[PDB]
Amino acid sequence: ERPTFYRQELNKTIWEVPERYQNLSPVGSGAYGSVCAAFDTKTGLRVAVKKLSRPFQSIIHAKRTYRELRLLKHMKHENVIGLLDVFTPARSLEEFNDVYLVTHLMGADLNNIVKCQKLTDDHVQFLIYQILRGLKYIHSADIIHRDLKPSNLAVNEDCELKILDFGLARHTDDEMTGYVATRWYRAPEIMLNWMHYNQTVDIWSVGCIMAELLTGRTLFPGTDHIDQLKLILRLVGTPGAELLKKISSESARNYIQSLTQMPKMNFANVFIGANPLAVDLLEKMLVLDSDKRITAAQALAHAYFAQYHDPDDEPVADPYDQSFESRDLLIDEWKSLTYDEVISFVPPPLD
Ligand SMILES: CC(C)c1nnc2ccc(-c3ocnc3-c3ccc(F)cc3)cn12
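About the cut-offs
- Residues numbered from 1 in each chain as written, not as in the entry; some residues may be left out.
- Heavy atoms only, no water.
- Residues with missing side-chain atoms left out of burial classes, pairs and counts.
- UniProt positions renumbered as here; feature names shortened; annotations may be inferred.
- Helix = DSSP H or I, 4+ residues; strand = E, 2+ residues; numbered from the N terminus.
- Buried < 20%, exposed > 50% of the residue type's maximum accessible area, 1.4 Å probe, protein only.
- Contact = heavy atoms within 4.5 Å.
- Polar contact = N/O pair within 3.5 Å; in protein donor to acceptor, adjacent residues only side chain to side chain.
- Domains from an automatic or database assignment.
- Nonpolar A, V, L, I, M, F, W, Y, C, P; charged D, E, K, R; others polar.
- Expected span 1.5 Å × (residues − 1).
- Arc of directions from axis to C-beta.
- 1 Å grid on protein atoms, 1.4 Å probe; cavity = no way out; pocket = protein on both sides within 12 Å on 5 of 7 lines; lining within 4 Å.
- Points joined across faces, edges and corners; volume = space filled by probe spheres on them.
- Pairing = 2+ DSSP bridges.
- Axes fitted to C-alpha atoms, helices over the stretch in contact; angles between N-to-C directions.
- Core = buried A, V, L, I, M, F, W, Y, C linked by side-chain atoms within 4.5 Å.

Quick notes on the UniProt feature "active site" in the protein
Piece 1. In this numbering, the UniProt entry assigns the feature "active site" to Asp165.
Piece 2. Along the chain, the position of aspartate 165 falls in the loop between β10 (161-163) and α4 (181-184).
Piece 3. Residue classification places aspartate 165 among the partly exposed residues on the basis of a relative accessible area of 35%.
Piece 4. In contact with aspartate 165, other than residues within four places in its own chain, are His145 and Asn152.
Piece 5. In terms of polar contacts, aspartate 165 uses its side chain to reach the side chain of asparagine 152, at 3.3 Å.

Here it is as structure tokens:
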């Protein structure tokens, strides 16, 4: 019942994978990590196979490995990247070193489809509907994406969409400095560490994506953190007395107060000629105070999506046990937990 594995070198690594996966070919030019498109002969799908780099290099990497595998195993929703397969060539814990993860190969990201382009109003509707449908599922598991942006949205030829890279630490270290897209979708409370934030950060990111799909333009392309914040307050107004109380960082509060106050702008004059229902939705997403943003479950019931909305086809998730997050473990302990999670994996049904 353990498959037969075969070896090859791909992008200077030895990849050892079950024979069911044929014709492995690097994709994304390193942008997604060590990932190969392959043909899965068992399901007949084109799949993306990721070989984790340095999975057990430090306590921090070990845990990051475990976390990503936990997150992927839990997700079973059409608009969320999940696991078709997870394997290692190792036959015991003692020889366990590498982890390979397998999911559907969508083929492109939103970003590398829609660069510089206003999309038709039904393409916007359909794409945002799907982001919000996947997001309602993710949030119902108490998972926060934290890094939603076009590059993290994997889209296929039929404009079907799956959300990538949710709930990871990873986005931390790579650069958020200067004129960089890694920062343009971030909610201001997380960009400037205003407070203990939560899942509402992601609705901000949805707003920013939706605007950009409408206009063809990045909504807040700041040259840095401070220039971006000025872009943001110009549109959505400076914080009022109520939000200021909630900015638990005295440092941030004190800098915000130094800015000339500005009223919210009129979204109908900003998004000239766009569906009024779209405007109204963006107004509900791009609210400076996170507590007041629309939720994904609520946005799905908004009239903009009336063509796609179906409350019996917008599932929620099983509860996700993230107690491990507060556990203080050694490398070998995270590695063994990870091993158990590999070994116990159950394939989805092939129809
Ligand atoms: C072209 C590109 C955007 C793309 N298309 N489909 C996909 C699918 C996945 C990934 C991916 O990006 C970063 N990590 C992964 C990943 C995650 C889990 C897994 F099992 C295998 C790979 C990229 N994809």
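The rest of the description comes next.
Description of the domain arrangement of the protein
Piece 1. When the domains of the protein are assigned, the result is domain 1 (15-107) and domain 2 (108-316).
Piece 2. Here the C-alpha centroids of domain 1 and domain 2 sit 29 Å apart.
Piece 3. Listed by partner, the interface residues are 17 residues for domain 1 and 26 residues for domain 2.
Piece 4. Looking at which element gives the most residues to the side of domain 1 that touches domain 2, the answer is helix α1 (residues 59-74), with six residues.
Piece 5. When grouped by side-chain class, the residues that make up the side of domain 1 that touches domain 2 number seven nonpolar, five polar and five charged.

A short note on unusual backbone geometry
Piece 1. We note that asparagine 23 has phi near 60°; this positive angle belongs to a residue other than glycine.
Piece 2. Looking at the element boundaries, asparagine 23 is found in strand β3 (residues 21-26).
Piece 3. For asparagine 23, a relative accessible area of 60% translates into the label exposed.
Piece 4. With phi around 60°, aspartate 165 is a residue other than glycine that occupies positive phi space.

Brief notes about helix α7 (residues 225-236)
Piece 1. Here α7 is 12 residues long and its end C-alpha atoms lie 16 Å apart, about the 16 Å a rise of 1.5 Å per residue gives.
Piece 2. Of the positions making up α7, those classed as buried are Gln228, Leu229, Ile232, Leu233, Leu235 and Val236. Looking straight down α7, one finds that the buried residues subtend no more than 160° of arc, so they occupy a single side.
Piece 3. Each element contacted by the buried residues of α7 is listed here: α4, α5 (188-191), α6 (201-215), α9 (250-257) and α10 (267-270).
Piece 4. For α7, the capping residue at the N-terminal end is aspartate 224, with a side-chain oxygen 2.9 Å from the backbone nitrogen of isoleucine 226.

As for the UniProt feature "binding site: ATP" in the protein
Piece 1. Per the UniProt record, the feature "binding site: ATP" sits at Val27, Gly28, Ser29, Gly30, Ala31, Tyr32, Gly33, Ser34, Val35 and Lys50. Taken together, the annotated residues stretch across 24 residues yet fold into one region, lying no more than 13.2 Å apart by C-alpha.
Piece 2. Position of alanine 31 relative to the elements: it lies in the loop between β3 and β4 (35-40).
Piece 3. In this structure, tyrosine 32 sits in the loop between β3 and β4.
Piece 4. A residue is classified by how much of its surface remains accessible, and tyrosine 32, at 34% relative accessible area, is partly exposed.
Piece 5. With sequence-adjacent residues up to four places away left out, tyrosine 32 is seen in contact with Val27, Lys50, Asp109 and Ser151.

Remarks on empty space enclosed by the protein
Rolled over the atoms, a probe sized like a water molecule indicates the empty space that remains.
Piece 1. In this structure, the largest cavity occupies an estimated 40 Å³ of space.
Piece 2. Residue lining of the largest cavity: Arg146, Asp147, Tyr185, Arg186, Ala187, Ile190, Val201, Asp202 and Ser205, and that is the complete set.
Piece 3. Among the elements that take part in the lining of the largest cavity, α6 stands out by supplying three residues, more than any other.
Piece 4. By residue class, the composition of the lining of the largest cavity is four nonpolar, one polar and four charged.

Things to note about the sheet that holds strand β7 (residues 100-104)
Piece 1. Taking strand neighbours across the sheet as the criterion, the five strands line up as β3-β4-β5-β7-β6 in an open arrangement whose pairing is antiparallel. The open sheet terminates on both sides in strands that have one partner only, identified here as β3 and β6 (85-87). Strand-to-strand twist in this sheet, taken as the mean axis angle between neighbours without regard to direction, amounts to 25°.
Piece 2. Alignment of β3 against β4, held across four bridges, turns out to be antiparallel. Note that in β4 the partner of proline 26 across the bridge is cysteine 36.

A closer look at the nonpolar core
Piece 1. Judged by nonpolar contacts, the single largest core of 93 residues is most densely connected at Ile128, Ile131, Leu132, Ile163, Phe166, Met210 and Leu282.
Piece 2. Here the element with the most residues in this core is α6; it accounts for 10 residues.
Piece 3. Lining this core are residues from two domains, each supplying at least three of them: domain 1 (15-107) and domain 2 (108-316).
Piece 4. Setting aside its immediate chain neighbours within four residues, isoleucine 163 contacts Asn79, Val80, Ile81, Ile131, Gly134, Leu135, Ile138, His145, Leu148, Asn152 and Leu153.
Piece 5. Formed by 14 residues, the second largest nonpolar core is a distinct cluster that contains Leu10, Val17, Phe87 and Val102.

Details of the sheet that holds β10
Piece 1. Pairing in this open sheet of three strands is antiparallel, and the strands run β8-β9-β10 from one edge to the other. Both edges of this open sheet fall to β8 (108-109) and β10, since each of them pairs with a single strand only.
Piece 2. Two elements, β8 and strand β9 (residues 153-155), share two bridges in a ladder whose sense is antiparallel. The partner of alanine 108 across the bridge, within β9, is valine 155.
Piece 3. Contacts from helix α3 (residues 121-140) reach β9 and β10 within the one sheet, and its direction differs from that of β10 by about 35°.

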